[PDB]
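Enquirer: sequence, then structure. It's an experimental one.
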Amino acid sequence: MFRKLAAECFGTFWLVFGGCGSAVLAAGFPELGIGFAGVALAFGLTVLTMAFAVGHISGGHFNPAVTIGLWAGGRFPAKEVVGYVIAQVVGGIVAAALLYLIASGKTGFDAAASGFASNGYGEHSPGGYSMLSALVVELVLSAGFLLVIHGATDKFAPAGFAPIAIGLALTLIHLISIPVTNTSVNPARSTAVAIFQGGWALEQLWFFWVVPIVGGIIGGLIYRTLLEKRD
């Protein structure tokens, strides 16, 4: 209840701080760009640690798409919905504020000002990350979270395996998804960037973001319907 809500909120702040810091840091990577590899290694470890730690501390799904899936299944906790909305809104501004602080002349200038969209190569990454490729990847990322959570929510969470399984896969996905398109990490981070970088011209991308979350809902929706069918 209150404890669970507080645990998720606390974890969100920590996750956002680490995500924003790593994101802004990557944007202003050192001239040598050597520290880039060191940061990536630390990020992966942190993600895994947070998943296991944040999991036992909250064990929350921590995802807007997941919350929606439950709603369709006839489950929509008021605390979860309220926390999700607040977390996203607050998390978005909080991340933007932190990023701006660094951009205040310190390495990690805003992508919009640099016109890097994020890090130079994004949804336009010729590495085969075009719209078609991005569409499949976006669905996989959203579906992956729902798939793991959906399953981990069925006597599939022995104790740490659930968070660890996703954590390990999450790091691997980010490791490749990063150099490919420099994917952020979650909707919260994306929202903060969209708030500022999501300029009308760039706002159009908002639709591209909707698909990812929507795609995940469709996958979870089918799973919920099937389960309800068996009853």
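Expert: Yep, that arrived. Numbering: from 1, shown residues only.
Enquirer: now do the helices in the chain.
Expert: With helices called from DSSP state H, the chain shows them at 2-27, 35-57, 64-72, 78-103, 111-114, 131-152, 161-181, 187-196, 200-203, 206-230.
Enquirer: just the angle between the last one and helix 187-196, please?
Expert: Read that as helix 206-230. In terms of direction (axes from the mean of the first three to the mean of the last three Cα atoms, to 10 degrees), helix 206-230 departs from helix 187-196 by 150 degrees.
Enquirer: still on that earlier bit, quick check: which of the helices of the chain is nearest to residue 124?
Expert: Smallest distance to residue 124 across these (Cβ to Cβ): 8.6 Å, for helix 161-181. To be clear about C-beta, it is placed using only N, CA and C from the backbone, and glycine gets the same treatment.
Enquirer: list of residues touching the closest one?
Expert: By Cβ atoms under 8 Å, 6 or more residues apart in numbering, the list of residues contacting helix 161-181 from outside reads 26, 40, 43-44, 47-52, 54-56, 118, 121-123, 125, 127, 129, 134, 137, 141, 144-145, 148-149, 152, 156, 183, 185.
Enquirer: ok, and the closest non-adjacent residue to the residue nearest the centre of the chain?
Expert: Central residue of the chain (Cα atoms, centre = their mean): residue 186, 1.3 Å from the mean position. Nearest in space to residue 186, with sequence neighbours left out and distances taken as Cβ to Cβ, 6 or more residues apart in numbering, is residue 19 at 6.9 Å.
Enquirer: quick check: the one you found touching residue 187?
Expert: No: using Cβ atoms under 8 Å, residue 19 is not in contact with residue 187, being 11.0 Å away.
Enquirer: ok now stretch 215-227, how far from the chain's centre?
Expert: Distance, stretch centre to chain centre, for stretch 215-227: 20 Å (Cα atoms, centre = their mean, to the nearest Å).
Enquirer: distance of residue 30 from residue 39?
Expert: 10 Å (Cβ to Cβ, to the nearest Å).
Enquirer: and these two? Which one has more around it.
Expert: A side-by-side neighbour count of residue 30 and residue 39, using other Cβ atoms under 10 Å, places residue 39 first with 16 against 12.
Enquirer: spit out the contact partners of the residue nearest to residue 189 when sequence neighbours are not counted.
Expert: In this structure, residue 189 finds its nearest non-sequential neighbour in residue 19, 4.9 Å apart by Cβ to Cβ, 6+ apart. Residue 19 sits next to 95, 184, 185, 186, 188, 189 when contact means Cβ under 8 Å, 6+ apart.
Enquirer: pretty sure the fifth one is in contact with residue 90, am I right?
Expert: In other words, residue 188. No: using Cβ under 8 Å, residue 188 makes no contact with residue 90, being 9.1 Å away.
Enquirer: please identify which of those two sits among more neighbours.
Expert: Between residue 188 and residue 90, residue 188 has the larger neighbour count (other Cβ under 10 Å), namely 25 against 16.
Enquirer: excluding sequence neighbours, find me the nearest residue to the more buried one.
Expert: In this structure, residue 188 finds its nearest non-sequential neighbour in residue 91, 4.0 Å apart by Cβ to Cβ, 6+ apart.
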